[PDB]
């Protein structure tokens, strides 16, 4: 039922209900010769929607807003990028032009400026040190320390016990490290434990790529790194 990579043509976006007020958006994009699926989060925020990450590109993100408009019908007013890679910030310009206020930690914003990626407009205070947490509307943002990247944040929806781990967290079927050029391998396992120790009542854990799982996904990631 969860959409797979061969089912989403590059340019299209699917929405998947995870609990109500919480959806994940799935898009596809090529990366060094191959196409991969990628997840993001959507959270109902009163009469508005909070977006967690872009759909990996300008055209995909445009498709995302259109799909949101078609299936949910509420405006996306804010977005948070969980790290500096293009599958997280690629498309913030389309979001900006659509009236969406974009956010990211200052760490993410400068890591994106130096790599030449799109840069979220606003800086998120209170997450510069491992273990820091801040609330942001219907969700709580957490900076566990360097893992997939040195700036990676994870997101938690209290009212739904949904833990969005981003690309610091791997799906279950993934048994190899893959690309970790921007990671801190030595610290990764420690950052994940910080996540474990911080959201032990998580019911759903969404990886940055692939199928949903449980807290089950954390140790699996450590074991793969």
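Positions refer to the first chain, counted from 1.
- Averaged over Cα atoms, the B-factor as recorded in the entry is higher for 42-50 than for the other of 42-50 and 55-63.
- Comparing 103-111 with 86-94, the stretch with the higher mean C-alpha B-factor in the PDB entry is 103-111.
- In the PDB entry, the Cα temperature factor peaks, among 139, 76, 127, 80, at 127.
- The PDB entry assigns residue 19 a C-alpha temperature factor belonging to the highest third of its chain's modelled residues.
- When all modelled residues of the chain are sorted by CA temperature factor, residue 178 is found within the highest third.
- Among the modelled residues of its chain, residue 212 has a C-alpha B-factor that falls in the middle third according to the deposited record.
- Annotation for residue 172: CA B-factor lies in the highest third of the chain's modelled residues.
- Per-chain ranking of the deposited C-alpha B factor places residue 206 in the middle third.
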